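The first residue of the sequence shown is numbered 1, and numbering continues consecutively from there. We use all heavy atoms of the structure for the numbers below, so side chains are in, but hydrogens, waters and symmetry mates are not.
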Amino acid sequence: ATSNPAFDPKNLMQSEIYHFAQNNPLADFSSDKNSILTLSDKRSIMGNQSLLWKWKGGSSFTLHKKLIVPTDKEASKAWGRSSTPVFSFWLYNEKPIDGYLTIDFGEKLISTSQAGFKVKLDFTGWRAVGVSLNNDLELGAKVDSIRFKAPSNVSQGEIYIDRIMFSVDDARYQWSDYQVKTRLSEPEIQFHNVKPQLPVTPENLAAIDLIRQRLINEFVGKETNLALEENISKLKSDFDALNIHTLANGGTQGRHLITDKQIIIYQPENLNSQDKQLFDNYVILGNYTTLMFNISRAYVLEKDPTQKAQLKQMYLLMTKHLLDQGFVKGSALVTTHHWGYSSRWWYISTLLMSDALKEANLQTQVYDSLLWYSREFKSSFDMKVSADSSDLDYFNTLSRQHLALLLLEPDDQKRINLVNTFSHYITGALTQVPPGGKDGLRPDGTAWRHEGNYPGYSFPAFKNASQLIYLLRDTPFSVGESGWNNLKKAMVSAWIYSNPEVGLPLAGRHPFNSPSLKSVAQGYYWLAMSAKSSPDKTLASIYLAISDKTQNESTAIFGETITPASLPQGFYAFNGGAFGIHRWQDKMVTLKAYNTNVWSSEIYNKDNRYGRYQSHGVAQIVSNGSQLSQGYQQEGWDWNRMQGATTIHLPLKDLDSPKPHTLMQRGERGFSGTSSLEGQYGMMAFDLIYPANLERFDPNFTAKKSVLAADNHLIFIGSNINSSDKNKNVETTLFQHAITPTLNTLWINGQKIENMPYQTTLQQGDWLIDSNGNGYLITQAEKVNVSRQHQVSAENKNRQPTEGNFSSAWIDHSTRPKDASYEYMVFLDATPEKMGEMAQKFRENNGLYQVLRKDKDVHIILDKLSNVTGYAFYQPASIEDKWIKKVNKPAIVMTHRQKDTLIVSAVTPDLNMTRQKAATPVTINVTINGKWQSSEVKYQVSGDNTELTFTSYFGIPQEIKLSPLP
Ligand SMILES: CC(=O)N[C@@H]1[C@@H](O[C@@H]2OC(C(=O)O)=C[C@H](O)[C@H]2O)[C@@H](O)[C@@H](COS(=O)(=O)O)O[C@H]1O
Ligand SMILES: CC(=O)N[C@@H]1[C@@H](O[C@@H]2OC(C(=O)O)=C[C@H](O)[C@H]2O)[C@@H](O)[C@@H](COS(=O)(=O)O)O[C@H]1O
Ligand SMILES: [Mg+2]
């Protein structure tokens, strides 16, 4: 407390706090005849004393303090977010009081004299009170009196008060509770309950007790975002620092507990130096509950009976202090928003300490408390399945905490009802196809958060959802097979699109820090061992491969010999992210487009700032292993030159997202993505269309970009390339990788190039091999630039300068001012000898491939090495072709004539939905030349031709094997 008024316009954000650790601490206070005010060091919140107020019913005391109460608009301008001036204090009751305390605000008040509010006194322990002075009183500039009036209908009593504070707070976070009513309320959980009920039986109770033990086993025998401490010396040292002591007739003294979000009410950055020093003695709840967990884990593992007893006493004392500090049912503590960050390991600690809380008679208090603060999570914790139930962050941050809370329910019948309902909730969450862009799994195996396929969020959700299924396995509470099947699809998909990191195109807003399947490994064991017919040999074989374990090691893990999965081979279409994956030997190629339903990039205030081209028809090649070790190095990376993309080469100031905060740029039509044939061949169709009027986006930048992938090779073609400036700085990147001692060699036309710097220009019939063994044969280009150069770039978070040496090659489209084009072929197993053979084959009337059409309506590529034809119908069309006559929608078609059969696949990569609507299936009529007979594809001979009817659901290709009719 200073001599200045609260909310001093001159220093609006500086809190005024009565903590009584200063000179003449009751200077500003006076009492009527019927009240006595003492300082007590028996308990306190801030500094070592609190106000002891003894009273008869109806007696007041007055705090004399000038308040220049700002409007909400003034407070919000001073801070820069929606704000309100708040009055807050802490009070302690040693016994409950059947009545209300009245707090009145006015000018020159005494016991017998504007606005005010009431605090119900029927409780024990510390409670916090926090009200908006503008919004929560039942305030003219001249307020100088705050009058605390003891209840009129209670003959005597006594209350401890501390830390009376005037502050500017976030306008969202003064919550109602059992003591104070505010304009804001977080309603309590109302648990859903599924019928029929499971009975309390010895079998059902044992299954419950087994689930709890299985959770204990997972937390005592390595979690992300858990600060594990197994050293008892360290645990007792951190505990002793808390200075917790049991008090005489009940409660505790010890350092004050506050959450990371609660501190906002202080505006700590603006505290005067006296106040800050006291505030710095607080303990952050996250750290305290982490200590409770590490102690509970040490207790469970501890062999020495004396140490084991000490760990238990430490855990129960920390529990009693936590409850006495007002973390109990009905105590909002003004707010507990983002409760999970502060409490997640408290929930888990109760599993380990469940018998110890039972014996100490704390289970019901701790359950009531955790249930109350969980009300923040009522949308999930109520356990009614809804469109939002497939939340991927929930699976990561909250699902095991939720199960722990249910297991802490003291009644047996209720506990069984809650866990039965939980099993139903998790089954629905893992089974349902959420509408539109909502979080969750999808039928092609993609997994969505922030309204798109997002491995950075899905990978942690896979790990914990697999663990949940495994914890409930082989009990009456086991997750339904439909949820197991869907999660299997998503996790086998993740194995296909990672190597073992997801590519740059799947990195979301963290390019060059891709999630790795290595972090999800244990999930494959947990899902493999929770199969109806366990172990699932596919998931078990993937666990062994991703965790680098041998066939020899398999019997002990799975109870039978399982060969570690070899890397997946062939082509897989994932239109949930308008991508596909081509795999050959140890290489993965991520082919990525974008469209109305697939954002190109997530760009935030400090994330992925130069990410505009992340999905621009990219084709990133990755060998099994570290992408950094293959030269995907952020430092000096030219953000314009994403492998395979057609881009405008911009200065980074113009490539930077035009929005200062968030942009998730969606495309201009539904159609763009991939398709597959026989699980082996693929095609990408990318319609590059820019917005009519977005700053820094050339509205006339266009391209049609197709790729056909088969076996060791990919054929890349482009047409209809344009910009506002005759294709000036328009480029297609063949490759870009750092130069290192392991990545030092390029081959050009049989010559090894190692010099740095180096520039040259190549044309049709030339070839290159990058340092990762990818060959590029130029089959149509006027001008391919190759560069080994020092590059200056900037890092994607804070735009700070970076530099590095890179090998790259790109096509310069400026030589063709209108409707520029390209063709080139990649060999994934290139050697100088093999590239010499491919170049000679290309020179023999192109024995490699044939483009049968390349225009704005259709791209048709015949691969003569694989004998496969890909058809990208950018528009519906009739064509001239041996196989395909007509396609009535934008679609990707693929054919393979083998001996006695024609195999035809078809799909539209268009998901046929919005951010709100469920995807519905698209009917595609594909007419083929000639008479055929035979898959859910329908066929009908119609004159000399055959009509195929495909159903394209969520961009999932269908195919049919046809044989000729006489
Ligand atoms: C606040 C912000 O920039 N973006 C919002 C998202 O917040 C980010 O994502 C998450 C997260 O758990 O997903 C936590 C952090 O606040 C921040 O990194 C998020 O609030 C989304 C909504 O998610 S979605 O319903 O899945 O779309 O909205 C973003 O703009
Ligand atoms: C896509 C995304 O930001 N996802 C969030 C995580 O961020 C990724 O992973 C990590 C990391 O070390 O975990 C760091 C980078 O921010 C990014 O590659 C991460 O912030 C977690 C935090 O989880 S929480 O504390 O465990 O609940 O949330 C991710 O899913
Ligand atoms: Mg104090």
Side-chain angles (χ1 to χ4, degrees), residues 207-226 228 293 296-297 300 340 344-345 347-352 380 383 389-407 419 422-431 439-441 447 449 455 457-475 477-492 494-495 515-532 534-536 538-540 542-544 546-547 557-558:
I208 293 288
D209 290 340
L210 174 57
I211 294 163
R212 182 182 301 96
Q213 184 62 57
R214 282 171 172 175
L215 266 159
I216 294 162
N217 292 354
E218 290 315 321
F219 284 102
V220 305
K222 219 306 302 294
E223 291 283 326
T224 51
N225 303 285
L226 197 158
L228 185 47
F293 169 76
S296 70
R297 174 171 161 124
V300 169
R344 47 188 180 187
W345 308 129
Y347 288 92
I348 303 307
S349 87
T350 69
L351 295 160
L352 281 68
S380 60
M383 291 188 293
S389 293
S390 306
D391 188 297
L392 297 185
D393 184 67
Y394 163 92
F395 278 102
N396 182 20
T397 60
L398 282 181
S399 64
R400 280 112 30 101
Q401 290 72 15
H402 187 179
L403 179 50
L405 167 72
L406 305 184
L407 284 173
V419 177
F422 179 82
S423 173
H424 281 86
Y425 181 71
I426 300 296
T427 306
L430 295 178
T431 298
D439 281 38
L441 302 185
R449 178 161 182 86
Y457 290 113
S458 68
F459 278 24
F462 293 159
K463 180 171 178 200
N464 297 356
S466 296
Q467 200 185 55
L468 281 187
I469 293 182
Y470 171 90
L471 293 168
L472 301 172
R473 75 195 184 282
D474 289 316
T475 70
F477 304 99
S478 60
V479 172
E481 189 169 13
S482 62
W484 189 93
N485 286 327
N486 197 30
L487 182 59
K488 178 167 167 194
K489 170 61 167 175
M491 282 175 73
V492 173
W495 165 243
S516 174
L517 214 72
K518 288 249 158 48
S519 76
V520 181
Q522 264 311 107
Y524 288 87
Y525 166 84
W526 290 324
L527 202 64
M529 291 299 275
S530 60
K532 187 185 166 69
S534 277
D536 184 84
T538 298
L539 293 157
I542 295 164
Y543 170 70
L544 291 167
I546 204 51
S547 77
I557 297 160
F558 294 109

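For the atom pair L471 CG and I426 CD1, the distance stands at 11.0 Å (nearest 0.5 Å). The CZ atom of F558 lies 5.0 Å from the CG atom of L544; values are rounded to the nearest 0.5 Å. Taken from CG in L406 to CZ in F477, the straight-line distance is 11.0 Å, to the nearest 0.5 Å. Interatomic distance, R212 CZ to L352 CG, rounded to the nearest 0.5 Å: 11.0 Å. For the atom pair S458 OG and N396 CG, the distance stands at 11.0 Å (nearest 0.5 Å). Going from atom CD1 of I348 over to atom CG of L215 covers 6.5 Å, rounded to the nearest 0.5 Å.
Between the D439 side chain and the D391 main chain, no donor and acceptor come within less than 3.5 Å of each other. In this structure, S390 contributes its side chain and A429 its backbone to a donor-acceptor pair below 3.5 Å.
Applying the side chain to side chain donor-acceptor pair (under 3.5 Å) rule to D536 yields the partners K488; only residues at least two apart in sequence or on another chain are considered. Residues forming a side chain to side chain donor-acceptor pair (under 3.5 Å) with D474 (at least two apart in sequence, or on another chain): none. Residues satisfying the side chain to side chain contact (heavy atoms under 4.5 Å, CB included) test with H424, not counting sequence neighbours, are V194, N420. Among residues two or more places apart in sequence or in another chain, the side chain to side chain donor-acceptor pair (under 3.5 Å) test is passed with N486 by none.
Contact check for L441 versus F462: side-chain heavy atoms found under the 4.5 Å cut-off. Side-chain atoms of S380 and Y425, non-hydrogen and from C-beta on, do get closer than 4.5 Å to each other. Two residues are said to be in side-chain contact when any heavy atoms from C-beta on lie closer than 4.5 Å; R297 and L228 meet this criterion. The shortest side-chain heavy-atom distance between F395 and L468 falls under the 4.5 Å cut-off. Using a 4.5 Å cut-off on side-chain heavy atoms (C-beta onward), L403 and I211 make contact. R449 has its side chain within reach of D393: a pair of non-hydrogen atoms, C-beta onward, lies under 4.5 Å apart. Inter-residue side-chain proximity for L430 and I469 is flagged as met; some heavy-atom pair is nearer than 4.5 Å.
Closest non-hydrogen pair, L392 versus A461, comes out as O-CB, 3.5 Å. In terms of heavy-atom proximity, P460 sits nearest to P455 at CD-O, 4.1 Å. Taking both residues in full, the closest heavy atoms of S534 and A528 are given as OG-O, 3.5 Å, listed atom of the first, atom of the second, then distance. Of all heavy-atom pairs spanning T427 and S482, the tightest one is CG2-OG, 3.9 Å.
For the side chain to side chain donor-acceptor pair (under 3.5 Å) condition, the pairs that include at least one residue of residues 214-225, sequence neighbours left out, are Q213-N217, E223-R400. The side chain to side chain donor-acceptor pair (under 3.5 Å) contacts involving residues 516-532 comprise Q522-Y543, where partners must be two or more places apart or lie in separate chains.
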Subject >> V492 and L539: CA distance, side-chain angles, deciding distance, side-chain contact (heavy atoms from CB on, under 4.5 Å) verdict >> reply: CA-CA 7 Å; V492 173; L539 293 157; 4.2 Å; yes
**OP:** Take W495 and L517 through the side-chain contact (heavy atoms from CB on, under 4.5 Å) test and state the conclusion after the steps.
**Re:** CA-CA 7 Å; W495 165 243; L517 214 72; 3.8 Å; yes
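For the residue pair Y394/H402, the side-chain donor-acceptor check at 3.5 Å is satisfied.
Classification of the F219-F293 ring pair by plane angle, with boundaries at 30° and 60°, yields perpendicular.
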